[PDB]
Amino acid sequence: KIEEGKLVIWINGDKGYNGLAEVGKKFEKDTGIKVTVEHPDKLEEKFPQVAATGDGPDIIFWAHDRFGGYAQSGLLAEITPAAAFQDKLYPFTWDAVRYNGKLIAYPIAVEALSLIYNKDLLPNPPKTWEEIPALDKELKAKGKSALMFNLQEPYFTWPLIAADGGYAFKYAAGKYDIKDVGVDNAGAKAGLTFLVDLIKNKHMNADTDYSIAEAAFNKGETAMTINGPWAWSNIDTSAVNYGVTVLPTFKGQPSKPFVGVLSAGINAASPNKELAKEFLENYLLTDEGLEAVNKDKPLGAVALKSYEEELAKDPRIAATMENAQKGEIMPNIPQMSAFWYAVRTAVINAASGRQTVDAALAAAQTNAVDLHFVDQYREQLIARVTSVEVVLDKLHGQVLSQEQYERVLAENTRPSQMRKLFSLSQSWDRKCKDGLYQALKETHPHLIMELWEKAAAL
């Protein structure tokens, strides 16, 4: 369980965890309470997996979009700031952490993607996405390339999908309509078609991930990348002469990045809730706390009015906000986790040529709207299904091909095997998903029964 009388903190590894650790050191200096900051892999999934059991960190950091799901699952303590403290942060940041009438986290900072460009390679950044292929051709002659960014996380491709009309869930009458999804409309298709064409014409490579794109930009090999405030620290170290600016337009319309509010929630199973509150309100969310984190990795536009004003002159922060204003705040509904995984699979499949754009998005759309049991509880099943071989043999023939069977089996741990199986099946139709559910239920009926029950408990 969770050790009492101390703080364990989880934050993503792309954030200023060293800076946060300093705030932890100051807290220890003034209170005697030791603070431990960790940045585990696959944090957005690890948390609900271990927290559902009743363990995990006292405090979890992520963008606000995942917190609605955490709250619905009972993993988060209710946050009760007094009025004077609440007034120290922007109202729209509190709005991002409000779920079903209550505050479920502390907002820290507002993030949005921008175009980052090498001024020595590219004195004026391109206005449009459409002119990048011509740009890449010029640069290739100098042994360079126009653009590299993470193509493994749909967050980075989202601004282009949304530009001409794609959207996640429709918002109307103060509610998100969970049945109105805009992943396979004409606009989403046009944007992703443009991305795929960049890859087909070798302006980009489908295998490019975060580390690969960062290395290429920071070594001066590519003229542009797409990234958030957290990335500026490494670019500074590399002393690249860079600018941060508005994303290119597509079909004459702005790219629309999703806006995230980095937020901190308190584990509902934590016996250290009061301590967590003190650390967050009186140590982190102060000019001195935020500055320490921000000097490690930039936070963007912080939620704290006083420090936001001090930093607002930074043209890079201005550029972040300009992009944010063209985009949309992410929904925090519990459906977000399944939505992101479906879209992630669609972008990866279309980029790798495993599916056409139309088929990739049509499948994502169907699965986000229909929310099958195996998609809703994918994360729990990955962590809790243990008889993988039994499931594979039930599916072999009917649902799984010989090759897919072999691919799943080849993974090293049970969760890696399960994760592969759900990835492969992600684009399958309802009937195949039903076959997958049936095999899981025959193999582990108590687990499946437990999942049905807890859904109803919450």
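Numbering starts at 1 and follows the sequence shown.
Peer 1: Look up the CA B-factors in the entry and say which stretch, 136-144 or 369-377, has the higher mean.
Peer 2: It is 136-144.
Peer 1: Would you determine, from the values in the PDB entry, which of 247-255 and 78-86 has the greater average C-alpha temperature factor?
Peer 2: It is 78-86 that shows the higher mean C-alpha B-factor.
Peer 1: Just to confirm, going by the entry's C-alpha B-factors, which of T93, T222, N282, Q355 comes out highest?
Peer 2: If I rank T93, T222, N282, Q355 by C-alpha B-factor, first place goes to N282.
Peer 1: Could you tell me which one of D177, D164, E288, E130 shows the highest CA temperature factor in the PDB record?
Peer 2: Out of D177, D164, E288, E130, the record gives the largest C-alpha B-factor to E288.
Peer 1: Taking only the Cα B-factors deposited for this chain, tell me whether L436 sits in the lowest, middle or highest third.
Peer 2: Tercile = lowest for this residue's CA B-factor.
Peer 1: Using only modelled residues of the chain, where does the Cα B factor of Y171 rank: lowest third, middle third or highest third?
Peer 2: CA B-factor rank for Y171: highest third.
Peer 1: Name the third of the chain's ranked CA B-factors that contains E406, choosing lowest, middle or highest.
Peer 2: For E406, the deposited C-alpha B-factor lands in the middle third.
Peer 1: Among all modelled residues of this chain, ranked by Cα B factor, put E442 in the bottom, middle or top third, i.e. lowest, middle or highest.
Peer 2: Answer is lowest: the recorded C-alpha B-factor places it there.
Peer 1: Within this chain's modelled residues, let me know which third the CA B factor of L395 belongs to: lowest, middle or highest.
Peer 2: It falls in the middle third of the chain.
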